[PDB]
Structures are given as structure tokens and as C-alpha cells.
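Just protein_8.csv here, CSV, C-alpha atoms:
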chain,number,residue,atom,x,y,z
A,14,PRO,CA,-17.7,-2.6,-12.9
A,15,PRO,CA,-20.1,-4.7,-10.8
A,16,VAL,CA,-19.3,-5.5,-7.2
A,17,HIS,CA,-17.6,-8.9,-7.1
A,18,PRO,CA,-19.6,-11.6,-5.1
A,19,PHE,CA,-16.8,-11.8,-2.5
A,20,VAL,CA,-16.9,-8.0,-2.0
A,21,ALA,CA,-20.7,-7.7,-1.8
A,22,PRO,CA,-20.9,-8.5,1.9
A,23,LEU,CA,-18.6,-5.6,2.7
A,24,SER,CA,-20.3,-3.2,0.2
A,25,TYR,CA,-21.2,-1.0,3.2
A,26,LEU,CA,-17.6,0.1,3.2
A,27,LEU,CA,-17.5,1.4,-0.3
A,28,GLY,CA,-17.2,5.2,-0.5
A,29,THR,CA,-15.4,7.9,1.4
A,30,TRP,CA,-15.4,8.5,5.1
A,31,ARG,CA,-14.2,11.5,7.2
A,32,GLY,CA,-13.9,11.9,10.9
A,33,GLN,CA,-11.4,12.1,13.8
A,34,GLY,CA,-9.5,10.0,16.1
A,35,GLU,CA,-7.3,9.9,19.2
A,36,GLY,CA,-4.0,8.2,19.9
A,37,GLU,CA,-2.4,7.3,23.1
A,38,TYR,CA,0.2,4.7,24.1
A,39,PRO,CA,2.8,4.2,26.9
A,40,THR,CA,5.4,7.0,26.4
A,41,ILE,CA,3.2,8.7,23.8
A,42,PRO,CA,1.2,11.5,25.1
A,43,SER,CA,-2.4,11.6,24.0
A,44,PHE,CA,-3.1,13.4,20.7
A,45,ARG,CA,-6.0,13.9,18.3
A,46,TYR,CA,-6.1,13.8,14.5
A,47,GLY,CA,-8.4,14.1,11.5
A,48,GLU,CA,-8.8,11.1,9.2
A,49,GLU,CA,-10.2,10.3,5.8
A,50,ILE,CA,-10.6,6.8,4.3
A,51,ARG,CA,-11.7,5.7,0.9
A,52,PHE,CA,-12.7,2.2,0.0
A,53,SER,CA,-13.1,1.5,-3.7
A,54,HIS,CA,-13.1,-1.5,-6.1
A,55,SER,CA,-12.7,-2.4,-9.8
A,56,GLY,CA,-14.8,-5.6,-10.0
A,57,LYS,CA,-12.1,-7.9,-8.5
A,58,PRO,CA,-12.4,-9.8,-5.2
A,59,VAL,CA,-10.5,-6.9,-3.6
A,60,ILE,CA,-11.3,-3.6,-2.0
A,61,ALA,CA,-8.7,-0.8,-2.3
A,62,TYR,CA,-8.1,1.1,0.9
A,63,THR,CA,-6.6,4.6,1.1
A,64,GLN,CA,-6.2,6.7,4.2
A,65,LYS,CA,-4.8,9.9,5.3
A,66,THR,CA,-4.6,11.9,8.5
A,67,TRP,CA,-4.0,15.5,9.4
A,68,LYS,CA,-3.7,18.0,12.3
A,69,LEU,CA,-7.1,19.2,13.4
A,70,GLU,CA,-6.4,22.8,13.8
A,71,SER,CA,-4.8,23.4,10.5
A,72,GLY,CA,-5.6,20.5,8.2
A,73,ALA,CA,-1.8,20.0,7.8
A,74,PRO,CA,-1.0,16.6,6.3
A,75,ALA,CA,0.2,14.0,8.8
A,76,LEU,CA,0.4,10.4,7.6
A,77,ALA,CA,-1.0,8.1,5.0
A,78,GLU,CA,-1.6,4.4,4.4
A,79,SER,CA,-2.9,2.3,1.6
A,80,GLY,CA,-3.6,-1.3,0.8
A,81,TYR,CA,-6.1,-4.0,-0.1
A,82,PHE,CA,-8.8,-5.9,1.6
A,83,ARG,CA,-9.5,-9.5,0.3
A,84,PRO,CA,-12.7,-10.9,1.8
A,85,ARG,CA,-13.8,-14.5,1.2
A,86,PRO,CA,-17.3,-16.1,1.5
A,87,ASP,CA,-16.3,-18.3,4.5
A,88,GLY,CA,-16.1,-15.0,6.5
A,89,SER,CA,-12.3,-14.9,6.4
A,90,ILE,CA,-10.4,-11.9,5.2
A,91,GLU,CA,-6.8,-10.8,4.6
A,92,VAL,CA,-5.6,-7.2,4.4
A,93,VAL,CA,-2.3,-5.9,3.2
A,94,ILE,CA,-1.2,-2.3,4.1
A,95,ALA,CA,1.8,-0.1,3.4
A,96,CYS,CA,2.3,3.0,5.6
A,97,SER,CA,4.0,6.3,4.8
A,98,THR,CA,6.2,5.8,7.8
A,99,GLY,CA,7.8,2.9,6.0
A,100,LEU,CA,6.0,-0.2,7.5
A,101,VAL,CA,4.0,-2.9,6.0
A,102,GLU,CA,1.5,-5.2,7.5
A,103,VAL,CA,-0.2,-8.5,6.6
A,104,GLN,CA,-3.5,-8.7,8.6
A,105,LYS,CA,-5.7,-11.8,8.8
A,106,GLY,CA,-9.1,-12.3,10.4
A,107,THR,CA,-12.8,-12.5,10.0
A,108,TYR,CA,-15.8,-10.3,9.1
A,109,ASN,CA,-19.3,-10.7,10.6
A,110,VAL,CA,-22.2,-9.7,8.6
A,111,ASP,CA,-24.7,-9.4,11.5
A,112,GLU,CA,-22.4,-7.1,13.4
A,113,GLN,CA,-21.0,-5.3,10.3
A,114,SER,CA,-17.5,-5.9,12.0
A,115,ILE,CA,-14.1,-6.8,10.7
A,116,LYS,CA,-11.5,-8.1,13.2
A,117,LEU,CA,-7.9,-8.5,12.1
A,118,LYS,CA,-4.5,-9.4,13.6
A,119,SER,CA,-1.1,-9.1,12.0
A,120,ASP,CA,0.6,-12.2,10.7
A,121,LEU,CA,3.5,-10.0,9.8
A,122,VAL,CA,4.8,-6.4,10.5
A,123,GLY,CA,7.6,-5.4,8.3
A,124,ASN,CA,10.3,-2.8,8.6
A,125,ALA,CA,9.3,-1.8,12.1
A,126,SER,CA,11.8,-0.7,14.7
A,127,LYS,CA,9.6,-1.3,17.7
A,128,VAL,CA,6.1,-2.5,16.9
A,129,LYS,CA,5.7,-6.3,17.0
A,130,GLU,CA,2.0,-6.9,16.4
A,131,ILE,CA,-0.9,-4.8,15.2
A,132,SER,CA,-4.5,-5.6,15.5
A,133,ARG,CA,-7.3,-3.6,13.7
A,134,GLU,CA,-11.0,-3.8,14.3
A,135,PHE,CA,-13.7,-2.1,12.4
A,136,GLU,CA,-17.3,-1.8,13.3
A,137,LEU,CA,-20.2,0.0,11.6
A,138,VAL,CA,-22.0,1.8,14.4
A,139,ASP,CA,-25.2,3.6,13.5
A,140,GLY,CA,-23.9,3.9,10.0
A,141,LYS,CA,-20.5,5.4,11.1
A,142,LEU,CA,-17.2,3.6,10.7
A,143,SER,CA,-15.4,3.0,13.9
A,144,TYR,CA,-12.1,1.3,14.5
A,145,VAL,CA,-9.7,0.5,17.2
A,146,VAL,CA,-5.9,-0.1,16.4
A,147,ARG,CA,-4.0,-2.0,19.0
A,148,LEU,CA,-0.2,-2.3,19.0
A,149,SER,CA,2.4,-4.4,20.9
A,150,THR,CA,6.1,-3.9,21.3
A,151,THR,CA,8.8,-6.2,22.8
A,152,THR,CA,8.0,-4.7,26.2
A,153,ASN,CA,4.4,-3.5,25.9
A,154,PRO,CA,1.7,-6.1,25.3
A,155,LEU,CA,-1.0,-5.6,22.8
A,156,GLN,CA,-3.2,-2.6,23.8
A,157,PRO,CA,-5.1,0.2,22.3
A,158,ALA,CA,-3.2,2.9,20.4
A,159,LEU,CA,-5.6,4.6,18.0
A,160,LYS,CA,-9.4,4.9,17.8
A,161,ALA,CA,-11.5,6.9,15.4
A,162,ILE,CA,-15.0,7.4,14.2
A,163,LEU,CA,-15.8,8.5,10.6
A,164,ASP,CA,-18.9,9.6,8.9
A,165,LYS,CA,-19.8,8.4,5.4
A,166,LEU,CA,-19.7,11.2,2.9
B,14,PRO,CA,2.7,21.9,-0.4
B,15,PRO,CA,6.3,22.4,-1.4
B,16,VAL,CA,8.4,19.5,-2.3
B,17,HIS,CA,10.4,18.2,0.7
B,18,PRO,CA,14.2,18.5,0.3
B,19,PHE,CA,14.5,14.7,0.5
B,20,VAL,CA,12.0,14.3,-2.3
B,21,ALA,CA,13.4,17.0,-4.6
B,22,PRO,CA,16.1,14.7,-6.2
B,23,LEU,CA,13.3,12.4,-7.4
B,24,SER,CA,11.0,15.2,-8.5
B,25,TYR,CA,11.2,13.8,-12.1
B,26,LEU,CA,8.9,11.0,-10.9
B,27,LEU,CA,6.0,13.3,-9.8
B,28,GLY,CA,3.0,13.0,-12.1
B,29,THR,CA,1.1,10.3,-13.9
B,30,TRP,CA,2.6,7.8,-16.3
B,31,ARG,CA,1.0,5.4,-18.8
B,32,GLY,CA,2.5,2.7,-21.0
B,33,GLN,CA,2.7,-1.0,-21.4
B,34,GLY,CA,4.8,-3.9,-20.3
B,35,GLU,CA,5.5,-7.6,-20.8
B,36,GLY,CA,5.8,-10.4,-18.3
B,37,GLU,CA,7.4,-13.8,-18.6
B,38,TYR,CA,8.8,-16.3,-16.1
B,39,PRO,CA,9.6,-20.0,-16.0
B,40,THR,CA,6.2,-21.8,-16.3
B,41,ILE,CA,4.4,-18.5,-17.0
B,42,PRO,CA,3.8,-17.9,-20.7
B,43,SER,CA,4.7,-14.5,-22.0
B,44,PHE,CA,2.0,-11.9,-21.7
B,45,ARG,CA,1.5,-8.1,-22.2
B,46,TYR,CA,-0.3,-5.6,-20.2
B,47,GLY,CA,-1.1,-1.9,-19.9
B,48,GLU,CA,0.1,0.1,-16.9
B,49,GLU,CA,-0.5,3.4,-15.2
B,50,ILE,CA,1.6,4.8,-12.3
B,51,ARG,CA,1.0,8.0,-10.3
B,52,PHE,CA,3.6,9.5,-8.0
B,53,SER,CA,2.4,12.2,-5.7
B,54,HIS,CA,3.4,13.9,-2.4
B,55,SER,CA,2.0,16.1,0.4
B,56,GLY,CA,5.2,17.9,1.5
B,57,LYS,CA,6.6,15.1,3.6
B,58,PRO,CA,9.8,13.1,2.9
B,59,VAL,CA,7.7,10.5,1.1
B,60,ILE,CA,6.4,10.0,-2.4
B,61,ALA,CA,3.0,8.1,-2.7
B,62,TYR,CA,3.0,5.5,-5.4
B,63,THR,CA,-0.2,4.0,-7.0
B,64,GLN,CA,-0.2,1.6,-9.9
B,65,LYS,CA,-2.7,-0.3,-11.9
B,66,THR,CA,-2.6,-2.7,-14.8
B,67,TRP,CA,-5.1,-3.8,-17.5
B,68,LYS,CA,-5.6,-6.1,-20.4
B,69,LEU,CA,-4.5,-4.3,-23.7
B,70,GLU,CA,-7.3,-5.2,-25.9
B,71,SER,CA,-10.2,-4.2,-23.7
B,72,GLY,CA,-8.8,-2.0,-20.9
B,73,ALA,CA,-10.2,-4.6,-18.4
B,74,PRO,CA,-8.7,-4.1,-15.0
B,75,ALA,CA,-6.1,-6.5,-13.9
B,76,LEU,CA,-4.0,-5.8,-10.8
B,77,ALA,CA,-3.1,-2.8,-8.6
B,78,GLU,CA,-0.4,-1.9,-6.1
B,79,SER,CA,0.3,1.0,-3.9
B,80,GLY,CA,2.9,2.2,-1.4
B,81,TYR,CA,5.4,4.8,-0.4
B,82,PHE,CA,8.9,5.8,-1.5
B,83,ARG,CA,11.2,7.3,1.2
B,84,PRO,CA,14.4,8.8,-0.3
B,85,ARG,CA,17.2,10.1,1.8
B,86,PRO,CA,20.0,12.6,0.9
B,87,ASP,CA,22.8,10.0,1.2
B,88,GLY,CA,21.2,8.4,-1.9
B,89,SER,CA,19.6,5.6,0.0
B,90,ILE,CA,15.9,4.8,-0.3
B,91,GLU,CA,13.3,2.4,1.1
B,92,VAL,CA,10.0,1.6,-0.5
B,93,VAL,CA,7.0,-0.2,0.9
B,94,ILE,CA,4.4,-1.7,-1.3
B,95,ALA,CA,1.1,-3.6,-0.9
B,96,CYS,CA,-0.3,-5.5,-3.8
B,97,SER,CA,-3.9,-6.4,-4.7
B,98,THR,CA,-2.9,-10.0,-4.9
B,99,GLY,CA,-2.3,-9.9,-1.2
B,100,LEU,CA,1.5,-9.5,-0.9
B,101,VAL,CA,3.6,-6.9,0.8
B,102,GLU,CA,7.2,-5.9,0.1
B,103,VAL,CA,9.9,-3.9,1.9
B,104,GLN,CA,12.4,-2.7,-0.7
B,105,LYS,CA,15.8,-1.1,0.0
B,106,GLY,CA,18.4,0.4,-2.2
B,107,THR,CA,19.8,3.5,-3.8
B,108,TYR,CA,19.0,6.2,-6.3
B,109,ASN,CA,21.5,7.8,-8.7
B,110,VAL,CA,20.9,11.4,-9.7
B,111,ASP,CA,23.2,11.3,-12.8
B,112,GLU,CA,21.5,8.2,-14.2
B,113,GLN,CA,18.0,9.1,-13.0
B,114,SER,CA,17.8,5.5,-11.7
B,115,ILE,CA,16.5,3.7,-8.6
B,116,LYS,CA,17.7,0.2,-7.7
B,117,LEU,CA,15.8,-1.7,-5.1
B,118,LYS,CA,15.9,-5.2,-3.6
B,119,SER,CA,13.5,-6.7,-1.1
B,120,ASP,CA,14.4,-7.0,2.5
B,121,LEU,CA,11.0,-8.7,3.1
B,122,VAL,CA,8.3,-10.3,1.0
B,123,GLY,CA,5.2,-11.0,3.0
B,124,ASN,CA,2.3,-13.3,2.5
B,125,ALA,CA,3.7,-14.9,-0.6
B,126,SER,CA,3.2,-18.5,-1.5
B,127,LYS,CA,6.1,-18.9,-3.8
B,128,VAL,CA,8.0,-15.6,-4.4
B,129,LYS,CA,11.1,-15.2,-2.2
B,130,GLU,CA,12.8,-12.0,-3.3
B,131,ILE,CA,11.8,-9.2,-5.6
B,132,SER,CA,14.0,-6.6,-7.1
B,133,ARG,CA,12.8,-3.5,-8.8
B,134,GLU,CA,14.8,-1.1,-10.9
B,135,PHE,CA,13.6,2.1,-12.4
B,136,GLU,CA,15.4,4.3,-15.0
B,137,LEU,CA,14.3,7.5,-16.8
B,138,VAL,CA,15.2,6.9,-20.4
B,139,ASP,CA,14.7,9.9,-22.8
B,140,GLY,CA,12.1,11.2,-20.3
B,141,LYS,CA,10.2,7.8,-20.2
B,142,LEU,CA,9.9,5.7,-17.1
B,143,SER,CA,11.3,2.2,-17.5
B,144,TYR,CA,11.5,-0.6,-15.0
B,145,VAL,CA,12.6,-4.2,-14.7
B,146,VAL,CA,11.0,-6.4,-11.9
B,147,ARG,CA,13.0,-9.5,-11.1
B,148,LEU,CA,11.6,-12.4,-8.9
B,149,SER,CA,13.1,-15.5,-7.3
B,150,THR,CA,11.4,-18.5,-5.9
B,151,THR,CA,12.7,-21.4,-3.8
B,152,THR,CA,13.7,-23.2,-7.1
B,153,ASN,CA,14.1,-20.3,-9.5
B,154,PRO,CA,16.9,-17.8,-8.9
B,155,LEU,CA,16.3,-14.1,-9.3
B,156,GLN,CA,15.6,-13.3,-12.9
B,157,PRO,CA,13.4,-10.9,-15.0
B,158,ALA,CA,9.7,-11.2,-14.7
B,159,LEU,CA,8.2,-7.9,-15.7
B,160,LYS,CA,9.4,-4.9,-17.8
B,161,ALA,CA,7.5,-1.9,-18.9
B,162,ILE,CA,8.0,1.6,-20.3
B,163,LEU,CA,5.7,4.5,-19.5
B,164,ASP,CA,5.3,7.9,-21.0
B,165,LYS,CA,4.7,10.9,-18.8
B,166,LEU,CA,1.3,12.4,-19.1

Could you show the structure in this file as C-alpha cells?
Amino acid sequence: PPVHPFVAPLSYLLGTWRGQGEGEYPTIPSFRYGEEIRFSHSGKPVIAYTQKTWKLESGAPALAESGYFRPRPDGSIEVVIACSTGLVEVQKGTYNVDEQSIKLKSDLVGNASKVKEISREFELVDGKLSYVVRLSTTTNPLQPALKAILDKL
Amino acid sequence: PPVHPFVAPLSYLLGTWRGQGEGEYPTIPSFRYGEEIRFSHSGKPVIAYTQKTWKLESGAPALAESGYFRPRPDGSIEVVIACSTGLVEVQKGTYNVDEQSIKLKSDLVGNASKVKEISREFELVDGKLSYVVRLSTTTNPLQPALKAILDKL
């Protein structure tokens, strides 16, 4: 299927990406992980997102998430994600064509015991996909939790 | 990876399924669709769920959803789903080993303009996967909306 006009500005995402990241948060000792992301489409104004992580040393599976990115030609975007840990997120924000960036903040986090808000920011940097995930809790204000860089395969 | 002990009671789901369904709802004329579901795992206490639908005549893509099923040995289960239309759901309920059934009701529906609650019920019937999805809105009480039967591939 052809790329939908609403998806075309984000066509740089389409494909599979692999790299590594680092997590750290108050009370959570720093850790590293491997990550793979696939962005795909079926001609609708939606990009399917699938992600998995693993332990570096072994490749042992860790977590997974999946969802859908819905860009619109005014530069707005909404993203819905379900996580293997049992959370859901509704993310809203904007994309910037000049910067090849996507900036999202949660409108909703569902089924979480502690997390209150999640922000997600993507940026293409020299053709690599970077992101920062920031998290808040009732007692910890929004702050970095995960960051990764992935190469396009 | 081996099947996790918490997943084993639902191992009958694992694989790919294809069939067809029918939708109908107040103000929504009846329609039919094709459907494919895959259930998979990576050795964690989680089953990954991916689904797509299409038009019967042509096979043209329609919608998609994906998420995660988290069964527990007391017979409880939670399910998180993200939909290509831009919704999320947190579903909670129970599974029954004798009946090979799973009965879920939403604790949360996110980003919906009209839907308030969603219930999902699966049943293995002569080795085929059946479900009923029921939906409510502010003015329409919970009632059937989608039903499908799928053969295991």
C-alpha cells in the first residue's frame, strides 16, 4: 500500500531500528538494555509501532510495547501504547519536520501503580533514532528515566 | 523460550487464527469483516496479542489492535490493548480452564469520544476461537457490537 499523505512526513521512521539504551530514576539503580523498534503501515493514516528490549549480555527478552502513531497535517500527533507490564498510555503532542522530532506528553496513563505522567521525545540525529522517556510519580516530578539511540537496519 | 507457568493454562491461544466477524450497533448498520489474530510469547508471564481486520471482498486493510494478556494462577487476568483508531483499554476479568473461556470488562477506556465501557469475551468452541465485544456509550447500555469466529492456522 502507498504511504498515506498524513504518514508521509514521518516516513523517515518506517523500518526496523536496533540499538541500546540506559535507564535511571530515583530509587532505581542505573541499568542498560538493548532495544529494537519497528514502524510499519498499511496505507491508513496510522503508523504501527512495536518495540522490545533485552539484556545486553545474553539477549534475554525483557519487556515489550506496541501501539499506533496518528500524525495529522497540522503537525499534531496522538500516540497510543500498550506495555507488557500492563500499562496503557495516551500520548499527545507535535512533530517538527525541520528537526525530524516528535514531542509527546501523556494525556492518560492507565493501570499504573506509581507512574503519573510519561513524556516521550524522539529525534532523528544523523540518521539514528534517539529518544528520551521522562516519568513522574506522586512524589517525583517529571524527569528522565530512559534514553536510547537506535540505528536503522 | 519455554512457556511461563502463568501462561500455560492459556497455551491453547498460542498461534495464529483467521476468520470473520460481524458488527452491528445502534446507528451503525450491520457489516462483516475478516480478522486475523496472533498470540505469541517470549517466556514471560505475558501473551502478546496482535490483530487486524479487512474488507471481505477485497482483503483491503481495515483496522488493527495490539496488546498484552497477563494471566495469573488464581484465574484472574488483565489485558491492555491499543487500537489503530486511537483508543486504549485496560481490561480485567477471569479465565476458566474447563470452559476454555476468558471474560473481561474494561476498567478504563482512554481517548474515546463516545465509548464508555468495553467488554470482551473469548471462548474456544470446537477448537475455534470465538469472541463477543460489547460496548456502551453515555446513552446506549452495554450491548453486543462485534462477534467473530476464527480457525486456528

What would chain A look like once superposed on chain B, with the fit done by least squares over all C-alpha atoms paired in order? Give it as a short mmCIF file (atom, residue, chain, number, x, y, z; two decimals) with C-alpha atoms, keeping the file's coordinate frame.
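New file superposed_3.cif:
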data_model
loop_
_atom_site.label_atom_id
_atom_site.label_comp_id
_atom_site.auth_asym_id
_atom_site.auth_seq_id
_atom_site.Cartn_x
_atom_site.Cartn_y
_atom_site.Cartn_z
CA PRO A 14 2.65 21.89 -0.38
CA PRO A 15 6.30 22.39 -1.37
CA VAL A 16 8.42 19.44 -2.39
CA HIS A 17 10.32 18.23 0.67
CA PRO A 18 14.20 18.52 0.34
CA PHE A 19 14.53 14.71 0.49
CA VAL A 20 11.98 14.30 -2.34
CA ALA A 21 13.44 17.01 -4.61
CA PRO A 22 16.03 14.74 -6.20
CA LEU A 23 13.31 12.38 -7.37
CA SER A 24 10.93 15.21 -8.47
CA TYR A 25 11.20 13.81 -12.02
CA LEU A 26 8.88 11.07 -10.89
CA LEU A 27 6.06 13.26 -9.79
CA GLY A 28 2.99 13.01 -12.03
CA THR A 29 1.19 10.30 -13.92
CA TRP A 30 2.65 7.83 -16.34
CA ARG A 31 0.99 5.43 -18.85
CA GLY A 32 2.47 2.74 -20.97
CA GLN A 33 2.78 -1.06 -21.40
CA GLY A 34 4.75 -3.92 -20.28
CA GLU A 35 5.51 -7.61 -20.77
CA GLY A 36 5.77 -10.48 -18.33
CA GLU A 37 7.43 -13.76 -18.65
CA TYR A 38 8.82 -16.27 -16.14
CA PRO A 39 9.56 -20.04 -16.00
CA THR A 40 6.12 -21.77 -16.23
CA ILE A 41 4.42 -18.47 -17.07
CA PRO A 42 3.82 -17.95 -20.66
CA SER A 43 4.67 -14.52 -21.99
CA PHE A 44 1.91 -11.89 -21.74
CA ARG A 45 1.51 -8.15 -22.25
CA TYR A 46 -0.34 -5.56 -20.17
CA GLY A 47 -1.15 -1.86 -19.92
CA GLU A 48 0.08 0.07 -16.89
CA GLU A 49 -0.50 3.40 -15.23
CA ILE A 50 1.52 4.83 -12.30
CA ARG A 51 1.05 7.95 -10.29
CA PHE A 52 3.62 9.43 -8.00
CA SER A 53 2.41 12.20 -5.73
CA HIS A 54 3.42 13.91 -2.44
CA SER A 55 2.02 16.09 0.38
CA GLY A 56 5.19 17.92 1.52
CA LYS A 57 6.57 15.00 3.61
CA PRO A 58 9.82 13.12 2.92
CA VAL A 59 7.68 10.52 1.11
CA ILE A 60 6.36 9.93 -2.36
CA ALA A 61 3.03 8.07 -2.70
CA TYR A 62 3.00 5.43 -5.39
CA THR A 63 -0.14 4.04 -7.04
CA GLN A 64 -0.28 1.60 -9.91
CA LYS A 65 -2.70 -0.30 -11.90
CA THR A 66 -2.63 -2.64 -14.87
CA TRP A 67 -5.11 -3.83 -17.43
CA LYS A 68 -5.62 -6.07 -20.50
CA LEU A 69 -4.54 -4.30 -23.65
CA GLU A 70 -7.32 -5.23 -25.89
CA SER A 71 -10.14 -4.27 -23.66
CA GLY A 72 -8.81 -2.04 -20.90
CA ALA A 73 -10.22 -4.60 -18.39
CA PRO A 74 -8.78 -4.07 -14.91
CA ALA A 75 -6.04 -6.52 -13.94
CA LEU A 76 -4.04 -5.73 -10.81
CA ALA A 77 -3.08 -2.88 -8.59
CA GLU A 78 -0.36 -1.88 -6.13
CA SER A 79 0.31 1.02 -3.89
CA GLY A 80 2.88 2.22 -1.43
CA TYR A 81 5.48 4.80 -0.45
CA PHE A 82 8.90 5.77 -1.51
CA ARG A 83 11.22 7.30 1.21
CA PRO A 84 14.37 8.76 -0.33
CA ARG A 85 17.22 10.12 1.81
CA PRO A 86 20.03 12.61 0.90
CA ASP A 87 22.81 9.96 1.23
CA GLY A 88 21.28 8.36 -1.94
CA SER A 89 19.58 5.58 0.01
CA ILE A 90 15.92 4.83 -0.34
CA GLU A 91 13.29 2.48 1.12
CA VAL A 92 9.99 1.57 -0.53
CA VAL A 93 7.03 -0.16 0.97
CA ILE A 94 4.34 -1.72 -1.33
CA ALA A 95 1.08 -3.59 -0.86
CA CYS A 96 -0.31 -5.54 -3.85
CA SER A 97 -3.91 -6.42 -4.71
CA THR A 98 -2.90 -10.03 -4.88
CA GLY A 99 -2.32 -9.93 -1.16
CA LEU A 100 1.53 -9.45 -0.86
CA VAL A 101 3.61 -6.85 0.71
CA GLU A 102 7.14 -5.88 0.12
CA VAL A 103 9.86 -3.88 1.92
CA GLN A 104 12.41 -2.72 -0.75
CA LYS A 105 15.75 -1.08 0.06
CA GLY A 106 18.36 0.43 -2.24
CA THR A 107 19.84 3.48 -3.80
CA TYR A 108 18.97 6.23 -6.31
CA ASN A 109 21.50 7.88 -8.67
CA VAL A 110 20.92 11.34 -9.73
CA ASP A 111 23.23 11.28 -12.80
CA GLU A 112 21.53 8.21 -14.17
CA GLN A 113 18.00 9.14 -12.95
CA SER A 114 17.87 5.42 -11.67
CA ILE A 115 16.47 3.76 -8.61
CA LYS A 116 17.65 0.21 -7.78
CA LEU A 117 15.89 -1.74 -5.06
CA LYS A 118 15.93 -5.24 -3.53
CA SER A 119 13.47 -6.75 -1.10
CA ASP A 120 14.41 -7.04 2.54
CA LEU A 121 11.10 -8.70 3.07
CA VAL A 122 8.22 -10.28 0.98
CA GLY A 123 5.17 -10.97 2.97
CA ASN A 124 2.26 -13.29 2.48
CA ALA A 125 3.73 -14.90 -0.61
CA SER A 126 3.21 -18.53 -1.46
CA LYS A 127 6.12 -18.84 -3.84
CA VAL A 128 8.06 -15.64 -4.41
CA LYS A 129 11.12 -15.26 -2.16
CA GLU A 130 12.80 -12.07 -3.35
CA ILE A 131 11.81 -9.18 -5.58
CA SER A 132 14.06 -6.65 -7.07
CA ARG A 133 12.79 -3.44 -8.86
CA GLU A 134 14.79 -1.06 -10.96
CA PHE A 135 13.65 2.15 -12.44
CA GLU A 136 15.39 4.24 -14.99
CA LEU A 137 14.37 7.47 -16.74
CA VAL A 138 15.21 6.90 -20.39
CA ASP A 139 14.72 9.82 -22.74
CA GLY A 140 12.15 11.15 -20.36
CA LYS A 141 10.18 7.81 -20.19
CA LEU A 142 9.96 5.67 -17.08
CA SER A 143 11.31 2.23 -17.50
CA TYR A 144 11.52 -0.57 -15.01
CA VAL A 145 12.52 -4.12 -14.71
CA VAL A 146 10.98 -6.41 -11.92
CA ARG A 147 12.96 -9.48 -11.10
CA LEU A 148 11.60 -12.32 -8.94
CA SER A 149 13.08 -15.44 -7.25
CA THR A 150 11.37 -18.50 -5.89
CA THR A 151 12.75 -21.42 -3.79
CA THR A 152 13.71 -23.13 -7.05
CA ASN A 153 14.15 -20.28 -9.54
CA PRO A 154 16.91 -17.76 -8.89
CA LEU A 155 16.37 -14.10 -9.25
CA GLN A 156 15.55 -13.23 -12.91
CA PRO A 157 13.46 -10.93 -14.92
CA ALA A 158 9.67 -11.20 -14.69
CA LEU A 159 8.16 -7.88 -15.74
CA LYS A 160 9.41 -4.92 -17.79
CA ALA A 161 7.54 -1.83 -18.89
CA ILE A 162 8.00 1.56 -20.37
CA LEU A 163 5.65 4.50 -19.54
CA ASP A 164 5.24 7.90 -20.94
CA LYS A 165 4.71 10.94 -18.71
CA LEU A 166 1.28 12.40 -19.14
#

Item to complete: Pick out the chain B residues within 10 Å of chain A. Count all atoms listed in the file. Give them as a count of residues only.
Response: 40

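Excluding residue 105 in chain A itself and any same-chain residue fewer than 6 positions from it, the protein and nucleic acid residues within 6 Å of it, counting all atoms listed in the file, are residues 90, 91, 117 and 118 of chain A.
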
Practice prompt. Step by step: start from the point (-13.8, -19.8, 5.8) in the file's coordinates, keep every protein, DNA or RNA residue that has an atom no farther than 12 Å from it, count only C-alpha atoms, and write the set as number ranges by chain.
Written response: A: 19, 84-91, 105-109

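Distance annotation: of B:135, B:30, B:46, B:25, the residue with the minimal separation from residue 147 in chain B is B:135; atom set is all atoms listed in the file.
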
Practice prompt. Would you mind reading off the distance between CA of residue 116 in chain B and CA of residue 119 in chain A, one decimal, in Å?
Written response: 28.8 Å

Response to the item:
In Å and to one decimal, CA of residue 33 in chain B is distant from CA of residue 112 in chain B by 22.1 Å

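Of the listed residues B:160, B:31, B:165, B:51, the one whose atoms come nearest to residue 64 in chain B is B:51, with distances taken using all atoms listed in the file.
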
Worksheet item: How many Å lie between CA of residue 53 in chain B and CA of residue 166 in chain A, rounded to one decimal?
Response: 23.7 Å

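Using only C-alpha atoms, the smallest distance between any of A:28, A:39, A:15, A:22 and residue 164 in chain A comes from A:28.
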
Discussion item. List the spatial neighbours of residue 35 in chain B as a ChimeraX atom specification - criterion: any atom at most 12 Å away, all atoms listed in the file, same-chain residues fewer than 3 positions off excluded.
Written reply: /B:32,38,41-48,66-69,143-146,157-162

Residues just named, written with C-alpha atoms as an mmCIF file, keeping the file's coordinate frame:
data_model
loop_
_atom_site.group_PDB
_atom_site.id
_atom_site.type_symbol
_atom_site.label_atom_id
_atom_site.label_comp_id
_atom_site.auth_asym_id
_atom_site.auth_seq_id
_atom_site.Cartn_x
_atom_site.Cartn_y
_atom_site.Cartn_z
ATOM 1 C CA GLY B 32 2.500 2.700 -21.000
ATOM 2 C CA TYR B 38 8.800 -16.300 -16.100
ATOM 3 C CA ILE B 41 4.400 -18.500 -17.000
ATOM 4 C CA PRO B 42 3.800 -17.900 -20.700
ATOM 5 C CA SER B 43 4.700 -14.500 -22.000
ATOM 6 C CA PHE B 44 2.000 -11.900 -21.700
ATOM 7 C CA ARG B 45 1.500 -8.100 -22.200
ATOM 8 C CA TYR B 46 -0.300 -5.600 -20.200
ATOM 9 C CA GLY B 47 -1.100 -1.900 -19.900
ATOM 10 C CA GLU B 48 0.100 0.100 -16.900
ATOM 11 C CA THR B 66 -2.600 -2.700 -14.800
ATOM 12 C CA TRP B 67 -5.100 -3.800 -17.500
ATOM 13 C CA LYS B 68 -5.600 -6.100 -20.400
ATOM 14 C CA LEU B 69 -4.500 -4.300 -23.700
ATOM 15 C CA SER B 143 11.300 2.200 -17.500
ATOM 16 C CA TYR B 144 11.500 -0.600 -15.000
ATOM 17 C CA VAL B 145 12.600 -4.200 -14.700
ATOM 18 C CA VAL B 146 11.000 -6.400 -11.900
ATOM 19 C CA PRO B 157 13.400 -10.900 -15.000
ATOM 20 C CA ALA B 158 9.700 -11.200 -14.700
ATOM 21 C CA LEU B 159 8.200 -7.900 -15.700
ATOM 22 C CA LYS B 160 9.400 -4.900 -17.800
ATOM 23 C CA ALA B 161 7.500 -1.900 -18.900
ATOM 24 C CA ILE B 162 8.000 1.600 -20.300
#

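Between residue 136 in chain B and the residues B:70, B:29, B:151, B:23, the shortest atom-to-atom distance, using all atoms listed in the file, involves B:23.
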